[PDB]
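Reproduced below: structure.pdb, with PDB, C-alpha atoms and all ligand atoms.
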ATOM      1  CA  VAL Z   3      -2.578 -80.860 145.563
ATOM      2  CA  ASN Z   4      -5.432 -78.328 145.539
ATOM      3  CA  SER Z   5      -6.939 -75.785 147.934
ATOM      4  CA  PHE Z   6     -10.131 -77.663 148.825
ATOM      5  CA  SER Z   7     -10.227 -78.271 152.576
ATOM      6  CA  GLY Z   8     -12.136 -80.566 154.902
ATOM      7  CA  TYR Z   9     -13.657 -82.875 152.290
ATOM      8  CA  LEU Z  10     -14.438 -86.514 152.898
ATOM      9  CA  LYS Z  11     -13.116 -88.827 150.199
ATOM     10  CA  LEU Z  12     -15.830 -91.096 148.789
ATOM     11  CA  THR Z  13     -13.993 -92.782 145.885
ATOM     12  CA  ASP Z  14     -10.783 -92.384 143.907
ATOM     13  CA  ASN Z  15     -12.179 -89.191 142.332
ATOM     14  CA  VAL Z  16     -15.190 -87.935 144.365
ATOM     15  CA  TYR Z  17     -15.050 -85.762 147.493
ATOM     16  CA  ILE Z  18     -17.963 -84.433 149.574
ATOM     17  CA  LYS Z  19     -18.565 -81.780 152.216
ATOM     18  CA  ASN Z  20     -21.565 -80.310 154.018
ATOM     19  CA  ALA Z  21     -21.248 -76.804 152.581
ATOM     20  CA  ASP Z  22     -22.972 -74.055 150.605
ATOM     21  CA  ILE Z  23     -21.460 -74.140 147.100
ATOM     22  CA  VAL Z  24     -21.549 -70.329 147.018
ATOM     23  CA  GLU Z  25     -19.407 -70.057 150.158
ATOM     24  CA  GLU Z  26     -17.065 -72.799 148.936
ATOM     25  CA  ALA Z  27     -16.624 -70.919 145.659
ATOM     26  CA  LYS Z  28     -15.959 -67.569 147.341
ATOM     27  CA  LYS Z  29     -13.319 -69.123 149.607
ATOM     28  CA  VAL Z  30     -11.614 -71.457 147.129
ATOM     29  CA  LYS Z  31     -12.098 -69.538 143.854
ATOM     30  CA  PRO Z  32     -11.841 -72.813 141.901
ATOM     31  CA  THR Z  33     -11.158 -73.134 138.201
ATOM     32  CA  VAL Z  34     -14.678 -74.492 137.543
ATOM     33  CA  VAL Z  35     -17.843 -74.123 139.596
ATOM     34  CA  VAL Z  36     -20.889 -76.043 138.376
ATOM     35  CA  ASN Z  37     -24.335 -74.431 138.282
ATOM     36  CA  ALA Z  38     -27.513 -76.528 138.438
ATOM     37  CA  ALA Z  39     -29.068 -74.622 135.554
ATOM     38  CA  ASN Z  40     -32.328 -74.839 133.667
ATOM     39  CA  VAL Z  41     -32.492 -74.790 129.870
ATOM     40  CA  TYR Z  42     -33.239 -71.033 129.837
ATOM     41  CA  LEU Z  43     -30.354 -70.072 132.156
ATOM     42  CA  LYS Z  44     -32.970 -68.333 134.326
ATOM     43  CA  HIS Z  45     -31.123 -68.264 137.652
ATOM     44  CA  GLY Z  46     -34.032 -67.769 140.006
ATOM     45  CA  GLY Z  47     -33.489 -69.910 143.084
ATOM     46  CA  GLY Z  48     -31.625 -72.790 144.623
ATOM     47  CA  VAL Z  49     -28.028 -73.151 143.481
ATOM     48  CA  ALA Z  50     -28.468 -70.920 140.445
ATOM     49  CA  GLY Z  51     -30.286 -68.083 142.179
ATOM     50  CA  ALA Z  52     -27.749 -68.062 145.008
ATOM     51  CA  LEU Z  53     -24.727 -68.137 142.678
ATOM     52  CA  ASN Z  54     -26.213 -65.407 140.517
ATOM     53  CA  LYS Z  55     -26.963 -63.256 143.572
ATOM     54  CA  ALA Z  56     -23.330 -63.604 144.668
ATOM     55  CA  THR Z  57     -22.270 -62.215 141.249
ATOM     56  CA  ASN Z  58     -24.524 -59.160 141.712
ATOM     57  CA  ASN Z  59     -26.620 -60.404 138.721
ATOM     58  CA  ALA Z  60     -23.628 -60.406 136.332
ATOM     59  CA  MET Z  61     -24.170 -64.133 135.758
ATOM     60  CA  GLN Z  62     -27.753 -63.461 134.638
ATOM     61  CA  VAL Z  63     -26.721 -60.610 132.320
ATOM     62  CA  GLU Z  64     -24.097 -62.822 130.663
ATOM     63  CA  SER Z  65     -26.556 -65.718 130.475
ATOM     64  CA  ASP Z  66     -29.256 -63.638 128.786
ATOM     65  CA  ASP Z  67     -26.785 -62.670 126.055
ATOM     66  CA  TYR Z  68     -25.796 -66.341 125.675
ATOM     67  CA  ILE Z  69     -29.432 -67.408 125.205
ATOM     68  CA  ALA Z  70     -30.196 -64.538 122.828
ATOM     69  CA  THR Z  71     -27.352 -65.785 120.608
ATOM     70  CA  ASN Z  72     -27.576 -69.566 120.988
ATOM     71  CA  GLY Z  73     -31.056 -70.461 122.209
ATOM     72  CA  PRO Z  74     -31.801 -72.783 125.116
ATOM     73  CA  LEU Z  75     -29.579 -75.596 126.277
ATOM     74  CA  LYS Z  76     -30.645 -79.227 126.031
ATOM     75  CA  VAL Z  77     -31.733 -81.124 129.104
ATOM     76  CA  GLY Z  78     -28.567 -83.059 129.928
ATOM     77  CA  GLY Z  79     -26.412 -80.395 128.246
ATOM     78  CA  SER Z  80     -24.109 -77.625 129.404
ATOM     79  CA  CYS Z  81     -22.247 -74.488 128.483
ATOM     80  CA  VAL Z  82     -19.088 -72.846 129.826
ATOM     81  CA  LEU Z  83     -19.453 -69.193 130.838
ATOM     82  CA  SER Z  84     -17.537 -66.883 133.143
ATOM     83  CA  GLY Z  85     -17.197 -67.648 136.839
ATOM     84  CA  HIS Z  86     -17.309 -63.922 137.717
ATOM     85  CA  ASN Z  87     -16.142 -63.296 141.319
ATOM     86  CA  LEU Z  88     -16.682 -66.948 142.292
ATOM     87  CA  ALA Z  89     -14.445 -69.007 139.977
ATOM     88  CA  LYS Z  90     -12.561 -68.730 136.715
ATOM     89  CA  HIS Z  91     -15.389 -70.470 134.833
ATOM     90  CA  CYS Z  92     -18.945 -71.587 135.500
ATOM     91  CA  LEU Z  93     -20.101 -74.828 133.892
ATOM     92  CA  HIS Z  94     -23.887 -74.457 133.624
ATOM     93  CA  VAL Z  95     -25.282 -78.014 133.581
ATOM     94  CA  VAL Z  96     -28.953 -78.896 133.060
ATOM     95  CA  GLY Z  97     -30.149 -81.979 134.906
ATOM     96  CA  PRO Z  98     -33.625 -83.346 134.160
ATOM     97  CA  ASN Z  99     -36.500 -81.767 136.085
ATOM     98  CA  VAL Z 100     -38.630 -84.712 137.191
ATOM     99  CA  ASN Z 101     -41.454 -82.374 138.206
ATOM    100  CA  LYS Z 102     -41.543 -81.357 134.516
ATOM    101  CA  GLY Z 103     -41.786 -85.006 133.428
ATOM    102  CA  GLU Z 104     -38.187 -85.073 132.184
ATOM    103  CA  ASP Z 105     -36.418 -88.432 132.009
ATOM    104  CA  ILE Z 106     -34.193 -89.121 135.026
ATOM    105  CA  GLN Z 107     -31.906 -91.107 132.703
ATOM    106  CA  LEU Z 108     -30.737 -87.715 131.398
ATOM    107  CA  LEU Z 109     -29.037 -87.193 134.769
ATOM    108  CA  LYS Z 110     -26.210 -89.453 133.608
ATOM    109  CA  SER Z 111     -25.853 -87.336 130.459
ATOM    110  CA  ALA Z 112     -25.775 -84.219 132.652
ATOM    111  CA  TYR Z 113     -22.936 -85.569 134.798
ATOM    112  CA  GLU Z 114     -20.980 -86.610 131.675
ATOM    113  CA  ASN Z 115     -20.340 -82.901 131.070
ATOM    114  CA  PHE Z 116     -18.115 -82.893 134.170
ATOM    115  CA  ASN Z 117     -15.620 -85.197 132.423
ATOM    116  CA  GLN Z 118     -14.516 -82.325 130.170
ATOM    117  CA  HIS Z 119     -12.906 -80.615 133.205
ATOM    118  CA  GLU Z 120     -10.051 -81.991 135.288
ATOM    119  CA  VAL Z 121     -11.311 -80.567 138.616
ATOM    120  CA  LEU Z 122     -14.717 -79.110 139.555
ATOM    121  CA  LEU Z 123     -16.638 -77.766 142.537
ATOM    122  CA  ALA Z 124     -20.226 -78.908 142.079
ATOM    123  CA  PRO Z 125     -23.661 -79.470 143.627
ATOM    124  CA  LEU Z 126     -25.671 -82.648 143.328
ATOM    125  CA  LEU Z 127     -27.504 -82.273 140.024
ATOM    126  CA  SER Z 128     -31.304 -82.498 139.925
ATOM    127  CA  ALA Z 129     -31.398 -82.319 143.742
ATOM    128  CA  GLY Z 130     -33.103 -79.511 145.616
ATOM    129  CA  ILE Z 131     -35.832 -77.748 143.663
ATOM    130  CA  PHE Z 132     -35.282 -80.021 140.624
ATOM    131  CA  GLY Z 133     -37.150 -82.819 142.425
ATOM    132  CA  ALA Z 134     -34.821 -85.818 142.173
ATOM    133  CA  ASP Z 135     -33.541 -88.094 144.929
ATOM    134  CA  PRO Z 136     -30.119 -86.840 146.128
ATOM    135  CA  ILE Z 137     -28.899 -90.324 147.119
ATOM    136  CA  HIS Z 138     -29.717 -91.577 143.415
ATOM    137  CA  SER Z 139     -27.968 -88.468 142.097
ATOM    138  CA  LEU Z 140     -24.844 -89.056 144.198
ATOM    139  CA  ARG Z 141     -24.650 -92.628 142.894
ATOM    140  CA  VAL Z 142     -24.989 -91.458 139.292
ATOM    141  CA  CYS Z 143     -22.252 -88.892 139.938
ATOM    142  CA  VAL Z 144     -19.892 -91.517 141.365
ATOM    143  CA  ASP Z 145     -20.646 -93.938 138.512
ATOM    144  CA  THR Z 146     -20.323 -91.309 135.743
ATOM    145  CA  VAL Z 147     -17.758 -88.645 136.649
ATOM    146  CA  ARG Z 148     -14.130 -89.720 136.245
ATOM    147  CA  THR Z 149     -12.481 -86.336 136.798
ATOM    148  CA  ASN Z 150     -11.957 -84.887 140.275
ATOM    149  CA  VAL Z 151     -15.223 -83.580 141.688
ATOM    150  CA  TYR Z 152     -15.709 -81.783 145.005
ATOM    151  CA  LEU Z 153     -19.378 -81.922 145.987
ATOM    152  CA  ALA Z 154     -20.928 -79.313 148.262
ATOM    153  CA  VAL Z 155     -24.106 -80.602 149.951
ATOM    154  CA  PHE Z 156     -26.127 -77.722 151.433
ATOM    155  CA  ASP Z 157     -28.375 -79.682 153.830
ATOM    156  CA  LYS Z 158     -26.634 -81.252 156.846
ATOM    157  CA  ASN Z 159     -29.280 -83.946 157.364
ATOM    158  CA  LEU Z 160     -28.948 -84.971 153.712
ATOM    159  CA  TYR Z 161     -25.131 -84.980 153.866
ATOM    160  CA  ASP Z 162     -25.201 -87.289 156.897
ATOM    161  CA  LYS Z 163     -27.619 -89.615 155.091
ATOM    162  CA  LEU Z 164     -25.579 -89.687 151.871
ATOM    163  CA  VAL Z 165     -22.320 -90.404 153.713
ATOM    164  CA  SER Z 166     -23.710 -93.045 156.052
ATOM    165  CA  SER Z 167     -25.463 -94.978 153.267
ATOM    166  CA  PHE Z 168     -22.519 -94.854 150.852
ATOM    167  CA  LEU Z 169     -20.590 -97.765 152.480
TER     168      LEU Z 169
HETATM  169  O1  LIG Z 201     -28.571 -80.306 145.129
HETATM  170  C1  LIG Z 201     -28.509 -78.899 145.277
HETATM  171  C2  LIG Z 201     -28.777 -78.612 146.785
HETATM  172  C3  LIG Z 201     -30.251 -79.026 147.075
HETATM  173  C4  LIG Z 201     -30.735 -77.916 147.962
HETATM  174  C5  LIG Z 201     -32.187 -77.534 147.994
HETATM  175  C6  LIG Z 201     -32.313 -76.464 146.901
HETATM  176  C7  LIG Z 201     -30.921 -75.996 146.473
HETATM  177  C8  LIG Z 201     -29.985 -76.662 147.435
HETATM  178  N1  LIG Z 201     -28.680 -77.126 146.956
HETATM  179  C9  LIG Z 201     -27.471 -76.494 147.197
HETATM  180  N2  LIG Z 201     -26.351 -77.246 147.157
HETATM  181  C10 LIG Z 201     -25.160 -76.652 147.425
HETATM  182  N3  LIG Z 201     -24.947 -75.378 147.703
HETATM  183  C11 LIG Z 201     -26.089 -74.623 147.699
HETATM  184  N4  LIG Z 201     -26.127 -73.254 147.932
HETATM  185  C12 LIG Z 201     -27.469 -72.854 147.826
HETATM  186  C13 LIG Z 201     -28.251 -73.956 147.536
HETATM  187  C14 LIG Z 201     -27.393 -75.104 147.447
END
Starting from the file, lay out its structure as structure tokens.
Ligand SMILES: OC[C@@H]1C[C@@H]2CCC[C@@H]2N1c1ncnc2[nH]ccc12
Amino acid sequence: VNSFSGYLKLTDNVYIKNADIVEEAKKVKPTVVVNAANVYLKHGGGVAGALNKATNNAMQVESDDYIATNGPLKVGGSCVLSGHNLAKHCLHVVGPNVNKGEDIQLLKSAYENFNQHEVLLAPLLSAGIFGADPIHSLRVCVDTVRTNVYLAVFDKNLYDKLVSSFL
């Protein structure tokens, strides 16, 4: 039993809700919140910019130190950093950016990072400003993640479409 509320169950291990991941994180304070990061951990907009804003830029400060030490992430890769006032931890995951010419096959690799955590609050990777199809992304999530994932879908129209076409 966990403190997530109002989610639809999609499969044995995937749950979805029409919600802003930032608001879900503030309310639930989960163990792991996923960020839809880029390789530079430059949290400008979308999921990342909104999460970072909610941390009063502490996420960006921590991220800049991480990059100065370790260099950029790989597309498809991740790192675990603090969750600040939103969660215990933040799993920064880089999906491929199709508007950069990056291979959509790396989306499966991106979701594989979720399997290192028993329970996560997450967005749909590569959706939004990353340019990918959110229905394809939801299917990759369902077919890749085996741990318990609670998906927050920001756009109501998209949520309705994902749920109705899922079977
Ligand atoms: O797939 C990520 C979706 C696509 C949307 C268009 C751009 C970013 C948006 N995303 C969000 N998803 C969940 N919570 C969110 N809070 C703020 C943004 C946001």
Quick one: residues within 8 Å of region 128-143 of chain Z, only C-alpha atoms, excluding same-chain residues fewer than 3 positions away - as a list in words?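 Answer for this query is residues 38, 48, 97, 98, 99, 100, 101, 106, 109, 110, 113, 146, 147, 160 and 164 of chain Z.
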Residue with smallest distance to ligand LIG 201 (chain Z) - pool Z:85, Z:74, Z:51, Z:79, counting only C-alpha atoms and all ligand atoms: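 Of all the options, Z:51 lies closest to ligand LIG 201 (chain Z).
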CA of residue 40 (chain Z) to CA of residue 165 (chain Z), straight-line distance in Å: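 The value is 27.3 Å.
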For chain Z versus ligand LIG 201 (chain Z), which residues have an atom no more than 6 Å away, and what is each residue's nearest atom pair and distance in Å rounded to one decimal, using all atoms listed in the file, chain-then-number order, as CSV?
residue,atom,partner,partner_atom,distance
Z:22,CA,Z:LIG201,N3,3.8
Z:23,CA,Z:LIG201,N3,3.7
Z:24,CA,Z:LIG201,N4,5.5
Z:48,CA,Z:LIG201,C7,3.8
Z:49,CA,Z:LIG201,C13,4.1
Z:52,CA,Z:LIG201,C12,5.6
Z:125,CA,Z:LIG201,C10,5.0
Z:126,CA,Z:LIG201,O1,4.1
Z:127,CA,Z:LIG201,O1,5.6
Z:129,CA,Z:LIG201,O1,3.7
Z:130,CA,Z:LIG201,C5,3.2
Z:131,CA,Z:LIG201,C6,5.0
Z:154,CA,Z:LIG201,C10,5.1
Z:155,CA,Z:LIG201,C10,4.8
Z:156,CA,Z:LIG201,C10,4.3
Quick one: 3 Å padding each side, axis-aligned, all listed atoms of region 87-94 of chain Z - centre and edge lengths in Å to one decimal, as lines of an AutoDock Vina configuration file?
center_x = -18.2
center_y = -69.1
center_z = 138.0
size_x = 17.3
size_y = 17.5
size_z = 14.7
So what does the PyMOL selection byres (((chain Z and resi 115) around 10) and not hetatm) actually pick up in this one, as a PyMOL selection string? chain Z and resi 78-81+93-96+110-114+116-119+146-147
Would you mind telling me which residue in Z:107, Z:149, Z:59, Z:167 lies nearest to residue 121 (chain Z) when using only C-alpha atoms?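 That would be Z:149, the residue with the smallest distance to residue 121 (chain Z).
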Could you state which residues are captured by the PyMOL selection byres (((chain Z and resi 19) around 6) and not hetatm) in this file, as a PyMOL selection string? chain Z and resi 9+18+20-21+154
By how many Å are CA of residue 103 (chain Z) and CA of residue 42 (chain Z) apart? 16.8 Å
Can you work out which one of Z:12, Z:122, Z:3, Z:30 has the shortest atom-to-atom distance to residue 91 (chain Z), counting all atoms listed in the file?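 When distances to residue 91 (chain Z) are compared using all atoms listed in the file, the smallest one comes from Z:122.
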So what do you get for CA of residue 62 (chain Z) versus CA of residue 45 (chain Z), distance-wise?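 According to the coordinates, CA of residue 62 (chain Z) and CA of residue 45 (chain Z) are separated by 6.6 Å.
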Name all residues at most 12 Å from residue 69 (chain Z) (count only C-alpha atoms; drop same-chain ones fewer than 3 positions away) and give them as a CSV table (one decimal) with C-alpha atoms, in the frame of the given file.
chain,number,residue,atom,x,y,z
Z,40,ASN,CA,-32.3,-74.8,133.7
Z,41,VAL,CA,-32.5,-74.8,129.9
Z,42,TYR,CA,-33.2,-71.0,129.8
Z,43,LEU,CA,-30.4,-70.1,132.2
Z,44,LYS,CA,-33.0,-68.3,134.3
Z,62,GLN,CA,-27.8,-63.5,134.6
Z,63,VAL,CA,-26.7,-60.6,132.3
Z,64,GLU,CA,-24.1,-62.8,130.7
Z,65,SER,CA,-26.6,-65.7,130.5
Z,66,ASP,CA,-29.3,-63.6,128.8
Z,72,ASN,CA,-27.6,-69.6,121.0
Z,73,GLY,CA,-31.1,-70.5,122.2
Z,74,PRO,CA,-31.8,-72.8,125.1
Z,75,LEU,CA,-29.6,-75.6,126.3
Z,76,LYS,CA,-30.6,-79.2,126.0
Z,81,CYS,CA,-22.2,-74.5,128.5
Z,83,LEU,CA,-19.5,-69.2,130.8
Nearest to residue 54 (chain Z): which of Z:163, Z:102, Z:87, Z:4 is it, counting all atoms listed in the file?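 Residue with the minimum atom-to-atom distance to residue 54 (chain Z): Z:87.
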List the neighbours of residue 90 (chain Z) out to 9 Å using all atoms listed in the file; skip same-chain residues closer than 6 positions along the sequence, and give me the result as a ChimeraX atom specification. /Z:31-35,84
How would the residues just chosen look if you wrote them out with C-alpha atoms as a PDB file, in the frame of the given file?
ATOM      1  CA  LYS Z  31     -12.098 -69.538 143.854  1.00  0.00           C
ATOM      2  CA  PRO Z  32     -11.841 -72.813 141.901  1.00  0.00           C
ATOM      3  CA  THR Z  33     -11.158 -73.134 138.201  1.00  0.00           C
ATOM      4  CA  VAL Z  34     -14.678 -74.492 137.543  1.00  0.00           C
ATOM      5  CA  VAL Z  35     -17.843 -74.123 139.596  1.00  0.00           C
ATOM      6  CA  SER Z  84     -17.537 -66.883 133.143  1.00  0.00           C
TER       7      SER Z  84
END
Rebuild region 37-60 of chain Z so that it carries N, CA and C atoms, then output the result as a tab-separated table (two decimals), keeping the file's coordinate frame.
chain	number	residue	atom	x	y	z
Z	37	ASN	N	-22.99	-74.88	137.98
Z	37	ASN	CA	-24.34	-74.43	138.28
Z	37	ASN	C	-25.36	-75.49	137.89
Z	38	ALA	N	-26.36	-75.69	138.75
Z	38	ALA	CA	-27.51	-76.53	138.44
Z	38	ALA	C	-28.53	-75.67	137.69
Z	39	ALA	N	-28.32	-75.55	136.38
Z	39	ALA	CA	-29.07	-74.62	135.55
Z	39	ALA	C	-30.35	-75.26	135.03
Z	40	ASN	N	-31.25	-74.41	134.55
Z	40	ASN	CA	-32.33	-74.84	133.67
Z	40	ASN	C	-31.99	-74.46	132.23
Z	41	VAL	N	-32.80	-74.95	131.29
Z	41	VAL	CA	-32.49	-74.79	129.87
Z	41	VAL	C	-32.48	-73.33	129.43
Z	42	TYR	N	-33.15	-72.45	130.17
Z	42	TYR	CA	-33.24	-71.03	129.84
Z	42	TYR	C	-32.17	-70.19	130.51
Z	43	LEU	N	-31.30	-70.80	131.31
Z	43	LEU	CA	-30.35	-70.07	132.16
Z	43	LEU	C	-31.04	-68.95	132.94
Z	44	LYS	N	-32.24	-69.24	133.44
Z	44	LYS	CA	-32.97	-68.33	134.33
Z	44	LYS	C	-32.61	-68.70	135.76
Z	45	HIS	N	-31.71	-67.92	136.36
Z	45	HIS	CA	-31.12	-68.26	137.65
Z	45	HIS	C	-31.97	-67.67	138.78
Z	46	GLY	N	-33.07	-68.35	139.09
Z	46	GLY	CA	-34.03	-67.77	140.01
Z	46	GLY	C	-33.85	-68.14	141.46
Z	47	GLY	N	-33.52	-69.40	141.73
Z	47	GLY	CA	-33.49	-69.91	143.08
Z	47	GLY	C	-32.56	-71.10	143.20
Z	48	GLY	N	-32.52	-71.67	144.40
Z	48	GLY	CA	-31.62	-72.79	144.62
Z	48	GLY	C	-30.18	-72.41	144.35
Z	49	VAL	N	-29.43	-73.38	143.82
Z	49	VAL	CA	-28.03	-73.15	143.48
Z	49	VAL	C	-27.89	-71.95	142.56
Z	50	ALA	N	-28.66	-71.93	141.48
Z	50	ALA	CA	-28.47	-70.92	140.44
Z	50	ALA	C	-28.79	-69.53	140.97
Z	51	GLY	N	-29.92	-69.39	141.66
Z	51	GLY	CA	-30.29	-68.08	142.18
Z	51	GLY	C	-29.28	-67.57	143.18
Z	52	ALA	N	-28.74	-68.47	144.01
Z	52	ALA	CA	-27.75	-68.06	145.01
Z	52	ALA	C	-26.42	-67.70	144.36
Z	53	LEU	N	-25.95	-68.50	143.40
Z	53	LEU	CA	-24.73	-68.14	142.68
Z	53	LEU	C	-24.91	-66.80	141.98
Z	54	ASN	N	-26.01	-66.65	141.24
Z	54	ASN	CA	-26.21	-65.41	140.52
Z	54	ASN	C	-26.24	-64.22	141.47
Z	55	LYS	N	-26.92	-64.35	142.61
Z	55	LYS	CA	-26.96	-63.26	143.57
Z	55	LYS	C	-25.56	-62.87	144.02
Z	56	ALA	N	-24.70	-63.87	144.24
Z	56	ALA	CA	-23.33	-63.60	144.67
Z	56	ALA	C	-22.52	-62.87	143.61
Z	57	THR	N	-22.90	-62.98	142.33
Z	57	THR	CA	-22.27	-62.22	141.25
Z	57	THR	C	-22.92	-60.86	141.02
Z	58	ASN	N	-23.85	-60.44	141.88
Z	58	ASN	CA	-24.52	-59.16	141.71
Z	58	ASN	C	-25.30	-59.11	140.39
Z	59	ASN	N	-25.82	-60.25	139.94
Z	59	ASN	CA	-26.62	-60.40	138.72
Z	59	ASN	C	-25.77	-60.41	137.45
Z	60	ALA	N	-24.44	-60.34	137.54
Z	60	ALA	CA	-23.63	-60.41	136.33
Z	60	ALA	C	-23.77	-61.75	135.62
